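As you go down the protein sequences, you meet chains A and A' in turn. A prime marks a further copy of an entry chain.
FYI, in the authors' numbering the residues of the first sequence are 188 to 207, 214 to 279, 284 to 378, 386 to 454.
FYI, in the authors' numbering the residues of the second sequence are 188 to 207, 214 to 279, 284 to 378, 386 to 454.
Cβ coordinates follow ideal geometry from the N, Cα and C atoms, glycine included.
Reading through the structure tokens given below for one structure.
There are 2 protein chains.
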Amino acid sequence: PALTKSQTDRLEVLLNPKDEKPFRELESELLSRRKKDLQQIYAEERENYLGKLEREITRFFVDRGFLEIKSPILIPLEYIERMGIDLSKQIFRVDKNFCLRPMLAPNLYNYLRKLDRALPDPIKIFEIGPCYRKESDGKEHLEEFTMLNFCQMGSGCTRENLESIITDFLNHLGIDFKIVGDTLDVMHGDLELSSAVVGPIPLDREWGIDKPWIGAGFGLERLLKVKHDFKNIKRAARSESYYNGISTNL
Amino acid sequence: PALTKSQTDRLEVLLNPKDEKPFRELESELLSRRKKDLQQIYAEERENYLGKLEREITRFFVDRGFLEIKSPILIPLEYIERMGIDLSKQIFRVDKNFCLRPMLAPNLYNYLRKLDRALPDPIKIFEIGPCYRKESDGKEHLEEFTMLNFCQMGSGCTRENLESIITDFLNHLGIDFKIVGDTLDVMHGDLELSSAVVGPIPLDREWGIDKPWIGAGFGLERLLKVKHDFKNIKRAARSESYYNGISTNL
Ligand SMILES: Nc1ncnc2c1ncn2[C@@H]1O[C@H](COP(=O)(O)OP(=O)(O)OP(=O)(O)O)[C@@H](O)[C@H]1O
Ligand SMILES: Nc1ncnc2c1ncn2[C@@H]1O[C@H](COP(=O)(O)OP(=O)(O)OP(=O)(O)O)[C@@H](O)[C@H]1O
Ligand SMILES: N[C@H](CCCCNC(=O)OC1CCCC1)C(=O)O
Ligand SMILES: N[C@H](CCCCNC(=O)OC1CCCC1)C(=O)O
Ligand SMILES: [Mg+2]
Ligand SMILES: [Mg+2]
Ligand SMILES: [Mg+2]
Ligand SMILES: [Mg+2]
Numbered sequence: 188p189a190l191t192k193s194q195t196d197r198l199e200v201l202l203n204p205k206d207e214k215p216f217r218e219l220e221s222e223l224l225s226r227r228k229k230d231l232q233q234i235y236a237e238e239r240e241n242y243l244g245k246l247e248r249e250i251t252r253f254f255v256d257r258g259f260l261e262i263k264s265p266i267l268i269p270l271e272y273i274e275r276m277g278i279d284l285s286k287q288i289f290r291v292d293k294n295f296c297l298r299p300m301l302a303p304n305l306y307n308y309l310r311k312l313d314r315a316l317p318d319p320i321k322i323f324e325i326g327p328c329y330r331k332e333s334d335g336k337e338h339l340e341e342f343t344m345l346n347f348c349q350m351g352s353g354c355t356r357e358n359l360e361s362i363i364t365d366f367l368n369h370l371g372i373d374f375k376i377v378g386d387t388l389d390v391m392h393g394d395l396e397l398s399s400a401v402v403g404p405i406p407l408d409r410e411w412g413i414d415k416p417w418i419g420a421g422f423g424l425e426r427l428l429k430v431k432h433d434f435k436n437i438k439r440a441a442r443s444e445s446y447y448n449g450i451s452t453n454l
Numbered sequence: 188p189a190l191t192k193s194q195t196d197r198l199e200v201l202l203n204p205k206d207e214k215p216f217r218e219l220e221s222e223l224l225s226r227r228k229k230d231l232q233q234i235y236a237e238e239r240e241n242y243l244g245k246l247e248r249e250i251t252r253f254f255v256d257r258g259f260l261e262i263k264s265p266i267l268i269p270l271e272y273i274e275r276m277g278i279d284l285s286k287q288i289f290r291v292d293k294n295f296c297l298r299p300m301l302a303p304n305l306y307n308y309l310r311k312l313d314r315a316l317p318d319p320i321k322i323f324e325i326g327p328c329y330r331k332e333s334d335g336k337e338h339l340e341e342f343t344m345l346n347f348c349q350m351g352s353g354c355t356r357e358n359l360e361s362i363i364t365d366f367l368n369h370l371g372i373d374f375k376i377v378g386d387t388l389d390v391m392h393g394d395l396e397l398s399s400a401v402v403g404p405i406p407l408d409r410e411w412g413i414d415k416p417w418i419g420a421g422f423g424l425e426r427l428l429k430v431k432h433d434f435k436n437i438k439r440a441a442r443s444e445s446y447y448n449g450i451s452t453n454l
């Protein structure tokens, strides 16, 4: 009569946040619901949450005067050392000289330096894309995730302006937050949505940067987790197991 | 007086397709032009070609009834073997059990199988994203590229329908092509834009697929190369060296 832990685990896979003994009937009910959810997505919008969020965020920053960057995901291992990373044990190495980027900063540093030769002050850029870190199991971490990093360099690089961009950005997405403060974290309850920095910092010199700057990095899967009230960030990930938070194991 | 080969190489970095002794003046002219090009992008649209193309392609397929997939880039090595790949020497391995995906097929096979339990016939899906292959130097190949793979499974999986989708798709993008024919290549002159397949094929059984299907895979950087008349596909890649085909080394 009482559901086993394994049965409960199975039902929880099929349970969605907005949902409101014997196991087989409960399972059948949830299977029907989830099939109908996929059918509705297929019939109507057909957009993947992670893709759609990237597009929405892209529009926000492009509209605010930030240049869209698409830089390599596979980066030189040298960039890790040059980032002052002696995270060191979290790097996915590829061949002898490369790794999967654990963050967007090194390529954006290079872009800021290069673009400063061409673009008027201030320089405003952003990137959204895959980042990789070896992580311990956890409901808030993925080994394959998607970062947004925006930054501004030159005039107007104040904490006030950084907080303003963050605030406008999250109010646009409709995500509740608190900024907890040079360095700031953007929190949703106890979940970190972003780390933000008001530069300059001593690392800049290694990258040929000698101007003020502000920037922040956000995990898109974390944003989705909060927005859609997913219990586990796995529902928001690139996945074969979940589609828009709906189990594909039906 | 005569430009050296190295000087010509430098000028060719700065030359754009639409452009129409002494070296320093030629260099200065091209530098000014390319800075102005970046300034215009920054002032006006601010979109990255590779990002924008992905968005345009996404809209095309979503509008045509195809479900947008975002699946893992880091995939089990087992998937390679299960794809009948004994390309074998082109795989970027990561740790003991994983690799960077060289193609979108294995994850899409899994999606087709899973979605067949939920969605009405025919099942139409697509993915756009990073793929990785170790390649010899060449003007048409990147080690890090972006694939579009669409497919349909069930009813209507005919060569005629596959050719129709391809034709509508490339006429939409404004890319000239010829389809050269079960299996088809979509050519732009001697450059392969896509390989396409009319299933079923014997590989399907390994992935739990036993329905007719059609599908095709396109390289986005190749599409950009053709569309923008880039001499080298490096101008279309995720890069720190080129932005929308414009040298960042100014
Ligand atoms: N493994 C991960 N999975 C999902 N999102 C991540 C992961 N690592 C970082 N992020 C996201 O990227 C943002 C910026 O990266 P940062 O390096 O500041 O993370 P972090 O300080 O290591 O986070 P945490 O303390 O939660 O590990 C984080 O605020 C988070 O939103
Ligand atoms: N290394 C690469 N760089 C850029 N695009 C690629 C690369 N490999 C494949 N593609 C693109 O992906 C498409 C489908 O992949 P497929 O495995 O059929 O390529 P392929 O037959 O190996 O191509 P090629 O003969 O040019 O190496 C190709 O038609 C091409 O547009
Ligand atoms: N790099 C991640 C995310 C931090 C985002 C804030 N930093 C930031 O925007 O750096 C700018 C990007 C290129 C150099 C300046 C971290 O280590 O927390
Ligand atoms: N996989 C690449 C691209 C081929 C694209 C055509 N194949 C295709 O769409 O396969 C479908 C995708 C999942 C299984 C059926 C190749 O090896 O050529
Ligand atoms: Mg961390
Ligand atoms: Mg942090
Ligand atoms: Mg090849
Ligand atoms: Mg081919």
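Item, Value
"Quick one: using the 10 Å Cβ neighbour count with 16 as the cut-off for buried, is residue 238 (chain A') buried or exposed?", "exposed"
"List the residues that DSSP assigns as beta-bridge partners of residue 346 (chain A').", "A':324, A':421"
"Would you mind telling me which residues of chain A sit closer than 7 Å to residue 261 (chain A'), beta carbon to beta carbon, in chain order?", "239, 240, 241, 244"
"Excluding the 5 residues flanking residue 410 (chain A) on each side, which residues of the same chain have their C-beta closer than 6 Å to its C-beta?", "275"
"Within the present structure, is the beta-carbon of residue 401 (chain A') separated from the nearest heavy atom of ligand 4 by less than 7 Å?", "yes"
"Who are the near neighbours of residue 342 (chain A') in its chain, counting only those whose CB is closer than 6 Å to its CB and skipping five residues on each side?", "328, 423, 425"
"Report the CB separation of residue 312 (chain A') from residue 322 (chain A') in whole angstroms; it is logged as a contact under 8 Å.", "7 Å"
"For residue 302 (chain A'), which of helix, strand or coil comes out of DSSP?", "helix"
"Nearer than 7 Å: is that true of the beta carbon of residue 324 (chain A') relative to any heavy atom of ligand 2?", "no"
"To the nearest angstrom, report how far apart residue 370 (chain A') and residue 402 (chain A) are at their CA atoms.", "42 Å"
"Under the three-state reduction of DSSP, which class applies to residue 340 (chain A'): helix, strand or coil?", "coil"
"Anything in chain A within Cβ reach of residue 311 (chain A'), meaning under 8 Å, just list it in chain order.", "444, 452, 453, 454"
"Please list, in chain order, all residues of the same chain as residue 148 (chain A) whose beta carbon is under 8 Å from its beta carbon, the five residues on each side excluded.", "Nothing about residue 148 (chain A) can be read from this structure; chain A reaches only from 188 to 454."
"Taking only the alpha-carbon atoms, compute the straight-line gap between residue 297 (chain A) and residue 346 (chain A') and give it to the nearest angstrom.", "23 Å"
"So which residues on chain A' does residue 316 (chain A) lean against when the C-beta distance must stay under 7 Å?", "231, 232, 235"
"Tell me which same chain residues have a C-beta within less than 8 Å of the C-beta of residue 291 (chain A), skipping the five on either side of it?", "267, 297"
"Helix, strand or coil: which one does DSSP assign to residue 315 (chain A')?", "coil"
"For ligand 1, which residues have a Cβ under 7 Å from at least one heavy atom, in chain order?", "A:300, A:330, A:332, A:337, A:338, A:339, A:340, A:342, A:344, A:396, A:397, A:398, A:399, A:421, A:422, A:423, A:425, A:426, A:437"
"I'd like to confirm the pairing. Which residues does DSSP put opposite residue 296 (chain A) in its beta bridges?", "A:268, A:290"
"If I measure Cβ to Cβ from residue 349 (chain A) and keep anything under 6 Å in the same chain, skipping five residues before and after, which residues do I get?", "319, 321, 418"
"Given this structure, state the Cα-to-Cα distance separating residue 434 (chain A') from residue 449 (chain A'), to the nearest angstrom.", "7 Å"
"At a threshold of 7 Å, does residue 309 (chain A) count as lining ligand 3 (C-beta to nearest heavy atom)?", "yes"
"Can you pull the chain A residues whose beta carbon is under 7 Å from the beta carbon of residue 228 (chain A'), in chain order?", "315"
"Below 7 Å CB to CB, which residues in the same chain sit around residue 374 (chain A) once its five sequence neighbours on both sides are set aside?", "367, 390, 391, 392, 397"
"From A:445, A:439, A:219, A:443, pick the residue whose C-alpha is nearest to that of residue 204 (chain A); which is it?", "A:439"
"For residue 266 (chain A), would you say it is in contact with chain A', using Cβ-to-Cβ distances shorter than 8 Å as the test?", "yes"
"Measure the C-alpha to C-alpha separation of residue 441 (chain A') and residue 279 (chain A) and round it to an integer number of angstroms.", "30 Å"
"Contact criterion: CB-CB distance below 8 Å. Does residue 289 (chain A') meet it with respect to chain A?", "yes"
"Tell me, please, which residues DSSP counts as bridged to residue 245 (chain A).", "DSSP lists no partner for residue 245 (chain A)."
"Answer with buried or exposed for residue 405 (chain A'), where buried requires no fewer than 16 other C-beta atoms within 10 angstroms of its C-beta.", "exposed"
"Within the 8 Å Cβ cut-off, does residue 255 (chain A') reach chain A?", "yes"
"Does any heavy atom of ligand 4 sit closer than 7 Å to the C-beta of residue 346 (chain A')?", "yes"
"Using a Cβ-Cβ cut-off of 6 Å (strictly less than) and excluding sequence neighbours within five positions of residue 242 (chain A), which residues of its own chain qualify?", "428, 448"
"Give the residues of chain A in contact with residue 364 (chain A'), contact being defined as C-beta atoms less than 8 Å apart.", "What residue 364 (chain A') touches in chain A: nothing, since even the nearest Cβ is about 22 Å away."
"So what's residue 399 (chain A') in DSSP terms, helix, strand or just coil?", "strand"
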